[PDB]
Amino acid sequence: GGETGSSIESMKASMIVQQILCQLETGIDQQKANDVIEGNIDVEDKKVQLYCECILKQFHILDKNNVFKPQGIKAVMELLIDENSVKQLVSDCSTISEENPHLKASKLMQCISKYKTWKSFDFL
Amino acid sequence: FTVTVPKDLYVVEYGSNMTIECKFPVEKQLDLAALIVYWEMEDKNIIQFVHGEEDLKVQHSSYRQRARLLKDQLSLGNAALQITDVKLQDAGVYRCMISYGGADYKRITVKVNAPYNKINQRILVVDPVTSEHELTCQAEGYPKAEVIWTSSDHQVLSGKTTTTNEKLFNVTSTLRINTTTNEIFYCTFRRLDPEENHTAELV
Ligand SMILES: NC(=[NH2+])NCCC[C@H](N)C(=O)O
């Protein structure tokens, strides 16, 4: 459920829209949502988890059955990091395996964020 | 800040157009610089209009020219999605997120009701010596339908019904009968799961 575009501005737009909408679904504090965006990801915080889950599924990085999808993460991180660092992100964050799906979402956000925080979009 | 919706479910005919609305509060003049309007279906982006600009690059190709935000009406706190030639993929749960000072979202349901409303009819004199005629009815819609033939006596006759198809069904029914002039027969398309009985008359 969501979108994937190919120009920084379209992406920044989709970033601000999906962030707002996932705050609306989850209820997450604005400050916690920023920390998520900023890299500061409390993996075990349930509101953090739900926001990670909403937002990764909106950008189709997790599919309906919580499966990590390389296509969607490429579409988002192509705009913040190089091609090879994208390849390395895919392979590193593919090993994340959690039967707790929200815990899985917060851990992927961790794993992605360690390559570049998503607030880096605000910096483009 | 509270986004609202006049109808929670739209029931719209296959091919006929569609406009689904989402209201939101506008006290003073509208400031397009601070408005965001996002429509999505399921696994599908429909409208992403942010800061005056409708992002055409994120809109799904299957909406890429059928759908559009009614920009004139935003100044009326009315975010209206319009969709031309409603197909069968267009059915499902939509969502409208608005952001203008605050932010809210609402969901709308859209069934594409295809009742077997345009019944076609044909009568063929198979045999003028035996008065054998062939009476046909042909209609099209999404829930499959059976066809029941009845003479003027309202006794049930037996006809041959062939059902084919992407998601819309085409149901052709034929009745061979030895009948005289001015006699009336009736082809009813029972749309089964949704009871939308429609009876066409053949004279
Ligand atoms: N005597 C009859 N009314 N026969 C109907 C045959 C219908 C045909 N087999 C079909 O289902 O496509």
# chains A, B, ... in the order shown; residues from 1 in each chain; ligands from 1
>>> closest_atom_pairs(of="chain B", to="ligand 1", cutoff="7 Å", atoms="only C-alpha atoms and all ligand atoms", output="JSON lines")
{"residue": "B:158", "atom": "CA", "partner": "ligand 1", "partner_atom_place_in_ligand_line": "3 (N)", "distance": 4.5}
{"residue": "B:159", "atom": "CA", "partner": "ligand 1", "partner_atom_place_in_ligand_line": "3 (N)", "distance": 3.9}
{"residue": "B:160", "atom": "CA", "partner": "ligand 1", "partner_atom_place_in_ligand_line": "5 (C)", "distance": 3.8}
{"residue": "B:161", "atom": "CA", "partner": "ligand 1", "partner_atom_place_in_ligand_line": "7 (C)", "distance": 4.7}
{"residue": "B:162", "atom": "CA", "partner": "ligand 1", "partner_atom_place_in_ligand_line": "12 (O)", "distance": 3.8}
{"residue": "B:163", "atom": "CA", "partner": "ligand 1", "partner_atom_place_in_ligand_line": "12 (O)", "distance": 5.9}
>>> residues_around(residues="residue 75 of chain B", least_positions_apart="5", cutoff="8 Å", atoms="only C-alpha atoms", output="list in words")
residues 26, 29 and 30 of chain B
>>> residues_around(residues="residue 68 of chain A", least_positions_apart="5", cutoff="12 Å", atoms="only C-alpha atoms", output="PDB file with N, CA, C and O atoms, in the first residue's frame")
ATOM      1  N   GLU A  53       6.859  -0.605  11.192  1.00  0.00           N
ATOM      2  CA  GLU A  53       6.129  -1.591  10.404  1.00  0.00           C
ATOM      3  C   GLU A  53       5.234  -0.898   9.383  1.00  0.00           C
ATOM      4  O   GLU A  53       5.264  -1.228   8.194  1.00  0.00           O
ATOM      5  N   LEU A  56       7.648   0.909   6.635  1.00  0.00           N
ATOM      6  CA  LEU A  56       8.245  -0.045   5.722  1.00  0.00           C
ATOM      7  C   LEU A  56       7.220  -0.722   4.839  1.00  0.00           C
ATOM      8  O   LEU A  56       7.537  -1.060   3.690  1.00  0.00           O
ATOM      9  N   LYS A  57       6.015  -0.970   5.340  1.00  0.00           N
ATOM     10  CA  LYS A  57       5.084  -1.609   4.440  1.00  0.00           C
ATOM     11  C   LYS A  57       4.521  -0.631   3.435  1.00  0.00           C
ATOM     12  O   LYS A  57       4.185  -1.052   2.323  1.00  0.00           O
ATOM     13  N   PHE A  59       6.257   1.896   1.957  1.00  0.00           N
ATOM     14  CA  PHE A  59       7.296   1.854   0.916  1.00  0.00           C
ATOM     15  C   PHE A  59       7.597   0.442   0.400  1.00  0.00           C
ATOM     16  O   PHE A  59       8.621   0.255  -0.289  1.00  0.00           O
ATOM     17  N   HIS A  60       6.740  -0.532   0.731  1.00  0.00           N
ATOM     18  CA  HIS A  60       6.824  -1.885   0.185  1.00  0.00           C
ATOM     19  C   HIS A  60       8.194  -2.530   0.453  1.00  0.00           C
ATOM     20  O   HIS A  60       8.743  -3.277  -0.371  1.00  0.00           O
ATOM     21  N   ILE A  61       8.787  -2.242   1.606  1.00  0.00           N
ATOM     22  CA  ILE A  61      10.058  -2.873   1.924  1.00  0.00           C
ATOM     23  C   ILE A  61       9.796  -4.180   2.663  1.00  0.00           C
ATOM     24  O   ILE A  61      10.518  -5.166   2.471  1.00  0.00           O
ATOM     25  N   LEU A  62       8.734  -4.211   3.452  1.00  0.00           N
ATOM     26  CA  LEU A  62       8.108  -5.430   3.919  1.00  0.00           C
ATOM     27  C   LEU A  62       6.795  -5.599   3.172  1.00  0.00           C
ATOM     28  O   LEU A  62       6.017  -4.635   3.056  1.00  0.00           O
ATOM     29  N   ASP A  63       6.529  -6.823   2.706  1.00  0.00           N
ATOM     30  CA  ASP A  63       5.266  -7.128   2.050  1.00  0.00           C
ATOM     31  C   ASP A  63       4.193  -7.567   3.064  1.00  0.00           C
ATOM     32  O   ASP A  63       4.350  -7.487   4.290  1.00  0.00           O
ATOM     33  N   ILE A  73      13.534  -1.548  -1.098  1.00  0.00           N
ATOM     34  CA  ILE A  73      14.596  -0.852  -0.382  1.00  0.00           C
ATOM     35  C   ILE A  73      15.562  -0.189  -1.362  1.00  0.00           C
ATOM     36  O   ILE A  73      16.041   0.907  -1.084  1.00  0.00           O
ATOM     37  N   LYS A  74      15.878  -0.837  -2.495  1.00  0.00           N
ATOM     38  CA  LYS A  74      16.615  -0.177  -3.575  1.00  0.00           C
ATOM     39  C   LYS A  74      15.943   1.142  -3.952  1.00  0.00           C
ATOM     40  O   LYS A  74      16.594   2.190  -4.041  1.00  0.00           O
ATOM     41  N   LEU A  89      23.525  -3.189   1.680  1.00  0.00           N
ATOM     42  CA  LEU A  89      22.351  -3.098   2.556  1.00  0.00           C
ATOM     43  C   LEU A  89      21.427  -4.282   2.347  1.00  0.00           C
ATOM     44  O   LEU A  89      20.974  -4.904   3.318  1.00  0.00           O
ATOM     45  N   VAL A  90      21.102  -4.566   1.089  1.00  0.00           N
ATOM     46  CA  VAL A  90      20.215  -5.681   0.802  1.00  0.00           C
ATOM     47  C   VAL A  90      20.726  -6.935   1.486  1.00  0.00           C
ATOM     48  O   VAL A  90      19.999  -7.580   2.256  1.00  0.00           O
ATOM     49  N   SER A  91      21.994  -7.278   1.257  1.00  0.00           N
ATOM     50  CA  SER A  91      22.454  -8.578   1.758  1.00  0.00           C
ATOM     51  C   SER A  91      22.562  -8.587   3.281  1.00  0.00           C
ATOM     52  O   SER A  91      22.148  -9.559   3.914  1.00  0.00           O
ATOM     53  N   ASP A  92      23.032  -7.501   3.898  1.00  0.00           N
ATOM     54  CA  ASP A  92      23.105  -7.461   5.360  1.00  0.00           C
ATOM     55  C   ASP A  92      21.728  -7.565   6.001  1.00  0.00           C
ATOM     56  O   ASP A  92      21.518  -8.369   6.915  1.00  0.00           O
ATOM     57  N   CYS A  93      20.779  -6.754   5.544  1.00  0.00           N
ATOM     58  CA  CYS A  93      19.466  -6.735   6.165  1.00  0.00           C
ATOM     59  C   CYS A  93      18.582  -7.871   5.694  1.00  0.00           C
ATOM     60  O   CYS A  93      17.469  -8.032   6.195  1.00  0.00           O
ATOM     61  N   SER A  94      19.056  -8.708   4.786  1.00  0.00           N
ATOM     62  CA  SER A  94      18.287  -9.912   4.492  1.00  0.00           C
ATOM     63  C   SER A  94      18.343 -10.948   5.620  1.00  0.00           C
ATOM     64  O   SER A  94      17.379 -11.696   5.797  1.00  0.00           O
ATOM     65  N   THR A  95      19.425 -10.993   6.404  1.00  0.00           N
ATOM     66  CA  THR A  95      19.503 -11.971   7.478  1.00  0.00           C
ATOM     67  C   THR A  95      18.579 -11.669   8.659  1.00  0.00           C
ATOM     68  O   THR A  95      18.556 -12.457   9.613  1.00  0.00           O
ATOM     69  N   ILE A  96      17.843 -10.560   8.664  1.00  0.00           N
ATOM     70  CA  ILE A  96      17.026 -10.269   9.836  1.00  0.00           C
ATOM     71  C   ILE A  96      15.793 -11.159   9.805  1.00  0.00           C
ATOM     72  O   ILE A  96      15.025 -11.157   8.836  1.00  0.00           O
ATOM     73  N   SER A  97      15.604 -11.933  10.866  1.00  0.00           N
ATOM     74  CA  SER A  97      14.571 -12.959  10.920  1.00  0.00           C
ATOM     75  C   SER A  97      13.952 -12.880  12.301  1.00  0.00           C
ATOM     76  O   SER A  97      14.626 -13.135  13.302  1.00  0.00           O
ATOM     77  N   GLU A  98      12.684 -12.511  12.354  1.00  0.00           N
ATOM     78  CA  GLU A  98      11.974 -12.387  13.614  1.00  0.00           C
ATOM     79  C   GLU A  98      10.576 -12.937  13.452  1.00  0.00           C
ATOM     80  O   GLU A  98       9.876 -12.580  12.501  1.00  0.00           O
ATOM     81  N   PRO A 101       6.553  -9.838  14.114  1.00  0.00           N
ATOM     82  CA  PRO A 101       6.690  -9.030  12.889  1.00  0.00           C
ATOM     83  C   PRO A 101       7.033  -7.576  13.160  1.00  0.00           C
ATOM     84  O   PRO A 101       7.841  -6.992  12.437  1.00  0.00           O
ATOM     85  N   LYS A 104      10.430  -7.339  13.924  1.00  0.00           N
ATOM     86  CA  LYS A 104      11.218  -7.495  12.714  1.00  0.00           C
ATOM     87  C   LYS A 104      11.329  -6.167  12.014  1.00  0.00           C
ATOM     88  O   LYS A 104      12.398  -5.797  11.507  1.00  0.00           O
ATOM     89  N   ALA A 105      10.227  -5.417  12.025  1.00  0.00           N
ATOM     90  CA  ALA A 105      10.181  -4.106  11.396  1.00  0.00           C
ATOM     91  C   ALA A 105      11.140  -3.150  12.065  1.00  0.00           C
ATOM     92  O   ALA A 105      11.904  -2.454  11.386  1.00  0.00           O
ATOM     93  N   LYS A 107      13.755  -3.918  13.736  1.00  0.00           N
ATOM     94  CA  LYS A 107      15.134  -4.323  13.455  1.00  0.00           C
ATOM     95  C   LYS A 107      15.577  -3.979  12.028  1.00  0.00           C
ATOM     96  O   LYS A 107      16.736  -3.597  11.836  1.00  0.00           O
ATOM     97  N   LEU A 108      14.709  -4.146  11.014  1.00  0.00           N
ATOM     98  CA  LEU A 108      15.081  -3.694   9.669  1.00  0.00           C
ATOM     99  C   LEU A 108      15.312  -2.203   9.645  1.00  0.00           C
ATOM    100  O   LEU A 108      16.245  -1.732   8.986  1.00  0.00           O
ATOM    101  N   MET A 109      14.468  -1.432  10.325  1.00  0.00           N
ATOM    102  CA  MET A 109      14.738  -0.006  10.309  1.00  0.00           C
ATOM    103  C   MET A 109      16.118   0.271  10.884  1.00  0.00           C
ATOM    104  O   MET A 109      16.898   0.998  10.270  1.00  0.00           O
ATOM    105  N   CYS A 111      18.716  -1.755  10.837  1.00  0.00           N
ATOM    106  CA  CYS A 111      19.708  -2.233   9.881  1.00  0.00           C
ATOM    107  C   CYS A 111      19.848  -1.300   8.678  1.00  0.00           C
ATOM    108  O   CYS A 111      20.957  -1.041   8.211  1.00  0.00           O
ATOM    109  N   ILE A 112      18.733  -0.812   8.144  1.00  0.00           N
ATOM    110  CA  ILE A 112      18.766   0.173   7.068  1.00  0.00           C
ATOM    111  C   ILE A 112      19.416   1.470   7.555  1.00  0.00           C
ATOM    112  O   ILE A 112      20.403   1.950   6.980  1.00  0.00           O
TER     113      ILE A 112
END
>>> atom_distance(atom1="atom CA of residue 195 of chain B", atom2="atom CA of residue 156 of chain B")
18.6 Å
>>> residues_around(residues="segment 177-180 of chain B", least_positions_apart="6", cutoff="10 Å", atoms="only C-alpha atoms", output="NGL selection string")
:B and (125-128 or 130-135 or 151 or 157-159 or 203)
>>> write_last_selection(atoms="C-alpha atoms", output="compact mmCIF listing (two decimals), in the first residue's frame")
# COMPACT_ATOMS: atom_id res chain seq x y z
CA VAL B 125 -37.59 -18.19 -36.53
CA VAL B 126 -35.63 -21.43 -36.65
CA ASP B 127 -38.40 -23.15 -38.57
CA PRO B 128 -41.42 -21.39 -40.11
CA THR B 130 -42.93 -25.97 -37.12
CA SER B 131 -43.04 -22.40 -35.72
CA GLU B 132 -39.77 -23.19 -33.92
CA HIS B 133 -38.30 -19.93 -32.58
CA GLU B 134 -35.04 -19.17 -30.78
CA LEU B 135 -35.31 -16.50 -28.08
CA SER B 151 -43.89 -18.24 -20.77
CA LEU B 157 -39.23 -23.27 -19.31
CA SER B 158 -35.80 -24.90 -19.83
CA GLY B 159 -33.11 -22.90 -21.67
CA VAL B 203 -42.81 -10.75 -27.84
>>> interface_residues(of="chain B", to="chain A", cutoff="6 Å", atoms="only C-alpha atoms", output="NGL selection string")
:B and (42-45 or 57-58)
>>> write_last_selection(atoms="N, CA and C atoms", output="JSON list (two decimals), in the first residue's frame")
[["chain", "number", "residue", "atom", "x", "y", "z"],
["B", 42, "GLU", "N", -5.31, -0.07, -2.62],
["B", 42, "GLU", "CA", -4.56, -1.10, -1.86],
["B", 42, "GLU", "C", -3.32, -1.42, -2.69],
["B", 43, "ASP", "N", -2.13, -1.31, -2.09],
["B", 43, "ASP", "CA", -0.85, -1.58, -2.81],
["B", 43, "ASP", "C", -0.87, -0.69, -4.06],
["B", 44, "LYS", "N", -1.35, 0.54, -3.93],
["B", 44, "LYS", "CA", -1.51, 1.39, -5.14],
["B", 44, "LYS", "C", -1.64, 2.86, -4.77],
["B", 45, "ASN", "N", -0.77, 3.71, -5.33],
["B", 45, "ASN", "CA", -0.84, 5.14, -5.11],
["B", 45, "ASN", "C", -1.65, 5.80, -6.22],
["B", 57, "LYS", "N", 4.65, 11.10, -11.02],
["B", 57, "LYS", "CA", 5.63, 10.02, -11.10],
["B", 57, "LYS", "C", 5.39, 8.89, -10.09],
["B", 58, "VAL", "N", 4.47, 9.03, -9.14],
["B", 58, "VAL", "CA", 4.23, 7.98, -8.16],
["B", 58, "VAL", "C", 2.90, 7.31, -8.42]]
>>> residues_around(residues="residue 26 of chain A", least_positions_apart="4", cutoff="7 Å", atoms="only C-alpha atoms", output="PyMOL selection string")
chain A and resi 22+47+50-51
>>> residues_around(residues="residue 78 of chain A", least_positions_apart="6", cutoff="10 Å", atoms="only C-alpha atoms", output="tab-separated table (two decimals) with N, CA, C and O atoms, in the first residue's frame")
chain	number	residue	atom	x	y	z
A	6	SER	N	11.02	8.05	-8.57
A	6	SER	CA	12.41	8.11	-9.05
A	6	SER	C	12.83	9.55	-9.38
A	6	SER	O	13.14	9.91	-10.52
A	8	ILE	N	14.49	12.67	-6.45
A	8	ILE	CA	14.60	13.04	-5.05
A	8	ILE	C	13.32	13.72	-4.57
A	8	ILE	O	12.81	13.39	-3.51
A	72	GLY	N	12.02	-2.75	-3.12
A	72	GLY	CA	11.53	-1.54	-2.48
A	72	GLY	C	12.62	-0.80	-1.72
A	72	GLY	O	12.65	0.45	-1.70
A	84	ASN	N	26.66	0.25	-4.63
A	84	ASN	CA	27.27	-0.89	-3.95
A	84	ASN	C	26.90	-0.93	-2.48
A	84	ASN	O	26.59	-1.99	-1.95
A	85	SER	N	26.94	0.22	-1.80
A	85	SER	CA	26.35	0.30	-0.48
A	85	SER	C	24.86	-0.11	-0.48
A	85	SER	O	24.40	-0.69	0.51
A	86	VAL	N	24.11	0.11	-1.57
A	86	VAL	CA	22.75	-0.45	-1.66
A	86	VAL	C	22.82	-1.98	-1.68
A	86	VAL	O	22.03	-2.67	-1.00
A	87	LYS	N	23.71	-2.54	-2.50
A	87	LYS	CA	23.84	-4.00	-2.56
A	87	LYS	C	24.16	-4.58	-1.18
A	87	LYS	O	23.52	-5.54	-0.72
>>> closest_residue(among="A:83, A:122, A:45, A:35", to="residue 102 of chain A", atoms="only C-alpha atoms")
A:45
>>> atom_distance(atom1="atom CA of residue 104 of chain B", atom2="atom CA of residue 3 of chain B")
5.4 Å
>>> select_by_dssp(residues="chain B", states="strand (DSSP E or B)", output="PyMOL selection string")
chain B and resi 4+9-11+18-23+36-40+45-50+53-54+67-69+78-83+92-100+102-111+120-127+132-141+146-151+156-157+160-164+169-178+185-190+198-202
>>> decode(residues="segment 34-115 of chain A", atoms="C-alpha atoms", output="PDB file, in the first residue's frame")
ATOM      1  CA  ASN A  34      11.743  11.694  14.610  1.00  0.00           C
ATOM      2  CA  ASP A  35      14.167   9.460  16.511  1.00  0.00           C
ATOM      3  CA  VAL A  36      13.063   6.630  14.226  1.00  0.00           C
ATOM      4  CA  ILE A  37      13.699   8.881  11.214  1.00  0.00           C
ATOM      5  CA  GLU A  38      16.920  10.147  12.826  1.00  0.00           C
ATOM      6  CA  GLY A  39      18.372   6.673  13.389  1.00  0.00           C
ATOM      7  CA  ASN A  40      17.488   6.456  17.088  1.00  0.00           C
ATOM      8  CA  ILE A  41      15.436   3.295  16.930  1.00  0.00           C
ATOM      9  CA  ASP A  42      14.353   1.717  20.197  1.00  0.00           C
ATOM     10  CA  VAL A  43      13.962  -1.788  18.833  1.00  0.00           C
ATOM     11  CA  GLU A  44      11.705  -2.958  21.716  1.00  0.00           C
ATOM     12  CA  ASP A  45       9.483   0.141  21.871  1.00  0.00           C
ATOM     13  CA  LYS A  46       6.077  -1.008  20.661  1.00  0.00           C
ATOM     14  CA  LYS A  47       5.081   2.370  19.202  1.00  0.00           C
ATOM     15  CA  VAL A  48       8.464   2.556  17.514  1.00  0.00           C
ATOM     16  CA  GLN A  49       7.891  -0.969  16.174  1.00  0.00           C
ATOM     17  CA  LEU A  50       4.440  -0.210  14.835  1.00  0.00           C
ATOM     18  CA  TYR A  51       5.691   2.937  13.083  1.00  0.00           C
ATOM     19  CA  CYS A  52       8.608   1.075  11.506  1.00  0.00           C
ATOM     20  CA  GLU A  53       6.129  -1.591  10.404  1.00  0.00           C
ATOM     21  CA  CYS A  54       3.620   0.859   8.918  1.00  0.00           C
ATOM     22  CA  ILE A  55       6.269   2.843   7.121  1.00  0.00           C
ATOM     23  CA  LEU A  56       8.245  -0.045   5.722  1.00  0.00           C
ATOM     24  CA  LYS A  57       5.084  -1.609   4.440  1.00  0.00           C
ATOM     25  CA  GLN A  58       3.979   1.685   2.849  1.00  0.00           C
ATOM     26  CA  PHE A  59       7.296   1.854   0.916  1.00  0.00           C
ATOM     27  CA  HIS A  60       6.824  -1.885   0.185  1.00  0.00           C
ATOM     28  CA  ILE A  61      10.058  -2.873   1.924  1.00  0.00           C
ATOM     29  CA  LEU A  62       8.108  -5.430   3.919  1.00  0.00           C
ATOM     30  CA  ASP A  63       5.266  -7.128   2.050  1.00  0.00           C
ATOM     31  CA  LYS A  64       1.933  -8.287   3.447  1.00  0.00           C
ATOM     32  CA  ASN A  65       3.563 -11.387   5.008  1.00  0.00           C
ATOM     33  CA  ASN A  66       6.563  -9.501   6.526  1.00  0.00           C
ATOM     34  CA  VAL A  67       9.030 -10.566   3.836  1.00  0.00           C
ATOM     35  CA  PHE A  68      11.888  -8.217   3.116  1.00  0.00           C
ATOM     36  CA  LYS A  69      11.722  -7.041  -0.495  1.00  0.00           C
ATOM     37  CA  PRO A  70      14.977  -5.910  -2.180  1.00  0.00           C
ATOM     38  CA  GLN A  71      13.191  -3.920  -4.907  1.00  0.00           C
ATOM     39  CA  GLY A  72      11.531  -1.539  -2.477  1.00  0.00           C
ATOM     40  CA  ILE A  73      14.596  -0.852  -0.382  1.00  0.00           C
ATOM     41  CA  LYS A  74      16.615  -0.177  -3.575  1.00  0.00           C
ATOM     42  CA  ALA A  75      13.961   2.307  -4.643  1.00  0.00           C
ATOM     43  CA  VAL A  76      14.328   4.213  -1.399  1.00  0.00           C
ATOM     44  CA  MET A  77      18.077   3.957  -0.674  1.00  0.00           C
ATOM     45  CA  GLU A  78      19.218   4.530  -4.250  1.00  0.00           C
ATOM     46  CA  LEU A  79      18.538   8.200  -3.396  1.00  0.00           C
ATOM     47  CA  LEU A  80      20.747   8.327  -0.250  1.00  0.00           C
ATOM     48  CA  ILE A  81      23.645   5.929  -0.869  1.00  0.00           C
ATOM     49  CA  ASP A  82      25.703   4.527  -3.726  1.00  0.00           C
ATOM     50  CA  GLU A  83      24.852   1.453  -5.752  1.00  0.00           C
ATOM     51  CA  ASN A  84      27.274  -0.887  -3.948  1.00  0.00           C
ATOM     52  CA  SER A  85      26.347   0.304  -0.480  1.00  0.00           C
ATOM     53  CA  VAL A  86      22.755  -0.454  -1.657  1.00  0.00           C
ATOM     54  CA  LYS A  87      23.843  -4.000  -2.565  1.00  0.00           C
ATOM     55  CA  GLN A  88      25.491  -4.418   0.827  1.00  0.00           C
ATOM     56  CA  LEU A  89      22.351  -3.098   2.556  1.00  0.00           C
ATOM     57  CA  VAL A  90      20.215  -5.681   0.802  1.00  0.00           C
ATOM     58  CA  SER A  91      22.454  -8.578   1.758  1.00  0.00           C
ATOM     59  CA  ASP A  92      23.105  -7.461   5.360  1.00  0.00           C
ATOM     60  CA  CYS A  93      19.466  -6.735   6.165  1.00  0.00           C
ATOM     61  CA  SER A  94      18.287  -9.912   4.492  1.00  0.00           C
ATOM     62  CA  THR A  95      19.503 -11.971   7.478  1.00  0.00           C
ATOM     63  CA  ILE A  96      17.026 -10.269   9.836  1.00  0.00           C
ATOM     64  CA  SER A  97      14.571 -12.959  10.920  1.00  0.00           C
ATOM     65  CA  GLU A  98      11.974 -12.387  13.614  1.00  0.00           C
ATOM     66  CA  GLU A  99       8.758 -14.160  14.242  1.00  0.00           C
ATOM     67  CA  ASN A 100       7.544 -11.067  16.018  1.00  0.00           C
ATOM     68  CA  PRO A 101       6.690  -9.030  12.889  1.00  0.00           C
ATOM     69  CA  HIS A 102       6.768  -5.620  14.599  1.00  0.00           C
ATOM     70  CA  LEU A 103      10.073  -6.557  16.207  1.00  0.00           C
ATOM     71  CA  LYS A 104      11.218  -7.495  12.714  1.00  0.00           C
ATOM     72  CA  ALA A 105      10.181  -4.106  11.396  1.00  0.00           C
ATOM     73  CA  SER A 106      12.030  -2.190  14.092  1.00  0.00           C
ATOM     74  CA  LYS A 107      15.134  -4.323  13.455  1.00  0.00           C
ATOM     75  CA  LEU A 108      15.081  -3.694   9.669  1.00  0.00           C
ATOM     76  CA  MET A 109      14.738  -0.006  10.309  1.00  0.00           C
ATOM     77  CA  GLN A 110      17.808  -0.309  12.557  1.00  0.00           C
ATOM     78  CA  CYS A 111      19.708  -2.233   9.881  1.00  0.00           C
ATOM     79  CA  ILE A 112      18.766   0.173   7.068  1.00  0.00           C
ATOM     80  CA  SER A 113      19.312   3.314   9.195  1.00  0.00           C
ATOM     81  CA  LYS A 114      22.865   2.262   9.959  1.00  0.00           C
ATOM     82  CA  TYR A 115      23.627   2.854   6.307  1.00  0.00           C
TER      83      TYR A 115
END
